[PDB]
Each structure stands twice: as structure tokens, then as C-alpha cells.
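As C-alpha cells, one chain now follows by itself in the form deposited in one PDB entry.
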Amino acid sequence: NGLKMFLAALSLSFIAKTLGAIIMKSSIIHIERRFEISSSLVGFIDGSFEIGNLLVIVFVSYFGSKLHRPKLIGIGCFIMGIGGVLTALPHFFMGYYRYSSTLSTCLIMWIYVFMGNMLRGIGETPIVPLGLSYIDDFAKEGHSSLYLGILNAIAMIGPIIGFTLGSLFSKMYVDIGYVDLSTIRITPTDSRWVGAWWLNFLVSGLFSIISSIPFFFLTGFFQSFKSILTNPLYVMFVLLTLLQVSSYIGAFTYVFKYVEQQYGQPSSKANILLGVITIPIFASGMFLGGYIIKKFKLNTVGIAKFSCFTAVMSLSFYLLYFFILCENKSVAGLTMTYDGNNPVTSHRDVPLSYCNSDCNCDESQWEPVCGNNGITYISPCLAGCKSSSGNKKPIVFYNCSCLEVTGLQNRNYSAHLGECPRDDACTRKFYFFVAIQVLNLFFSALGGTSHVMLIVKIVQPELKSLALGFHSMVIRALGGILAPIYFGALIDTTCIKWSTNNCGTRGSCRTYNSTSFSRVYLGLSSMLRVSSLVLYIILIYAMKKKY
């Protein structure tokens, strides 16, 4: 009952940590819009949490391992809360928020946010290295796995509360309470709407300050650091762990864009409902993964073989994506001739057609256009439609120049806005995609406890915190910040139309060749998986040869 009490407090701190993370990302757009700030400065401010975290994660790990640990964790949580409160003072010190079509037919105080994010990042560092090593040092024969599984399962209450109230706070006017809301002309659907972003940080800061009260009642550096980097098993494990986590990060970063470009679901069918059933599977997988290791009495090689088996069984489900793909969308003008007559070889420098010769409009324009013929037009002017239907339900343009078709003359040449959806087969395949995805997520969550349970076992009983700290540092550096950058750089090789911004020729992409997208995305993930898997198998051979 002395470890049980310490066990409760750490759960509260885990919840607070996750809440703070998801809060920060949720409030970034409003801050950019309220503060009148550049995009480079936004990329900078968002990166502060990393400058504070990566700078002191190793020193707190080593030097804090011989002081009072429960008190260090409480001090860290208090610093995190104080930093969370500091991010909301600009609102109280600045002033009031002063600021308060295109159919086109044929045409012939930021330092405060920075230094608060830095304080938060500096403050969360003592939770994982000093908490888990404390749990491992004082525990019975096999209960460390079960405890870590319960901990990782309980922590999912942070994202729930965050997503719940960050969406409720983003539908209030920013100056709520000081102004009377009856004279406000702006609505959440406008372009200048800023919500109450300062209210997201008060609740998180006070929660982090509250969750730290129970904790208050419960020359060698260099050789200790060199004695850890000459241990082969540790280096091999860290490497593969890195490869696998990089693969996961990239996949979860671009799955939502892949699903939209491949199958056609508009980020609301595939987004909201999915998570509601995707999170309990993760929680149950984590808890059961811990419970199995506890119940079956596994040693080091047993844990290694169990996690290798889970990795294999989760990689065998990943290679089924290559077999449920659809055909490529057809947009007249992009890859085919503007009159549908013939195919082309270059996405660039397609010539204008007879049906569209007279109507001189901006090619750079990208407005969804689809006629009853089934194909796609870049713009209502590029299709030749010289009529409208008013601001009613999407205005059906009519009597189109390039919508005319043989045998279609005896019909209604009228194109609705919005791309014509895919056939039924593509939906039927989307359902198989979702099923396989939840299966792979379950089988990859069943083995997430083994990393900590192995790093602790393959290292001297006194260098447990330093090892976990260096592991966390390397992973959060080379697999959380680099991972999205290279995947994104690689993916952009498959664009066929760019949104030419005022200065930058590439503001964003309109469409992407779906076949090459799937090729690059799934190939990178599969190659990384094999990479990490290989290292682990060899590692198992070395382990079995050692003991």
C-alpha cells in the first residue's frame, strides 16, 4: 500500500501531460490569427517545447536518480503548471479585438507563448525516467509489466477531455464577459473569427498544479555514459526501436490524406466516428499485453520473442493494403485532353481546346466541377458553362461548352459542384481498409509494453534512468521531428497541380496521382518495418547465445 499510493499520483500526472500536449496543438490557429504573426514565427513557437525537452532530459535522468524522486516529479509537475498559466497573460494585458461567390462562368507578446511552451517542455522531463525506474526498483516478481500496462491504459483520458472542451471553447467569442455578445457581427464560419484560446490554458495549468500536491507527502557522469554506449544489445535495441517508431509516426501522420486521395471520403466520414471506436481497442490491447507477460512468467528472451511475434503478425496485415486499391480519377485537362478525346503523357503544358478557346480565364483557378458525363473539369470556365442558378443549393451551371457529349446532346448539360463520387466498389474496398486498419492497430498495441521492460533488463541495475532518458531523447529527436519532414518531402513528388500562392509558387497541392502516392507511402512503411524486424531477430540470436 506504499507503492499503490505512488501508483495513483503518477496516473494523474500522465493524464495532465497528454492533456497539455493536445491542447497546445488545438489552439495554434487562433493564436496565429489573434496575434497578427508570420508563418515562420508560428513554426518557431510551435518548436519551443522541443528545445526545452531535448536539452535537459539526460541531466535530469542521471543527476536526479539519487535525490528524492517523488519530490522531483512533483516539482516538475508544478513547473509545468506554472508554465501553462503564463501562456494566457497576453489576453489580459492587450486590448480588445479591434478587427471584429467567385462562380465565374465563361469569361471572354509572442515571447510569452514561446517562453511558456519552453517552461512546459522543461517541466515534464522527470515523469517517465524517474517514475518507471522507481516502479521497477520497488515491486514484486512480475508486477512491473501489469502496472505499466494499467498506466498506459488510464492515460487515454487526457485526449478525451482535451478534444471535448477544446471544441467547446473554440465556439465562444474571444472577448467573452467583457463585451456584450449582442453587437457581434462575426460568426464561427467567418475568416476573422478568433475563439477563446486563452481559456484552454487556464484549465490545463490549474489541472497540472493540482495533480502535483500528493507527491509532496509520499566525473561519474562520463564513465556512466560511456559504460552504456559500449553495450551492444542496448545499441541494437535502440536502433530498431527507432526504425519502428519512425514508420508508425509517418503512417499515422499521412493516413488521413491517403484515405481522401485514394477512396474519396471527405475527412468527416473517415475521421470523427473512427476514433470513437479506435481508442478502446488500443487501451485493451495495451492492458492485455501487460497482463500476458505477467501471467505467463516470461524472462528476457521470452519477452523478446513475444514482441517479435507481435511485430511479425502486425507486418503480415500491412501487406494487404497493396491488394485493395482503386483506379485513378479522371480530370479532363490534367492528364487527358480538354475535350476528352485523347490521353496525354505530361501533366504540364497541356494545350487549350476548341471548345475552350474563346473563354479566356485563369488556369491557376481550381474550382470543383463535374458534369453528368462522369469526368472532371478544373473550372466552370474551363468547361464552358455559360449559365448559373443563383446562390441556392449548389448552382447547376448549364449549357456547357466542353460538357457536350455524343448521345448526351439529348439530355441536360448541367454540372453540379463537387467531384462526382467513386463507384460502389471503391466504398466496398474502403470498408476492408478500415477493418484491416483496426486489426493492425490492435496487434501493434499488444506489444507496446516490451520496450521499457527490456531496456530495464538488459542494463546494470543502477543505470536504469540514464538508459530510459537517452532512449527517450534519441526517439523524440530522430523519429518525431525528422519523420514527418522526410515522408512529406517524398510524397510531394506525386503532385500534378500546385496552388501558386502570391509569392511562393507552391502554396499547396490540389491533387495527387493516387497510384504513385500509394506506391511511395506503403513502400516506405514496409521497408522500415522489415528493417526493424531484421535487427530484432538477430538481437534474439545474440541474446540466446549470451544466457
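Each form is matched to the other, and the largest set of C-alpha atoms that superpose within 1.5 Å is called the rigid core. Note that residue numbering follows the sequence shown and begins at 1.
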| query | finding |
| --- | --- |
| Other entries lacking residue 413, at least a third | yes |
| At least a third of the other entries leave residue 502 unmodelled | yes |
| Residue 167 to residue 168: deposited residues without atomic coordinates | none |
| Unmodelled deposited residues between residue 276 and residue 277, binned | none |
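Omitted here: the form deposited in another entry. The next part is about that form.
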query: 2 Å-or-more CA mover between the shown form and the other one, where superposition uses the core and the choices are 322, 354, 163, 138; finding: 354
query: Core-superposed comparison between the shown form and the other one, residue 472 Cα displacement 2 Å or beyond; finding: no
query: Core fit, then residue 414 C-alpha moves 2 Å or more between the shown form and the other one; finding: yes
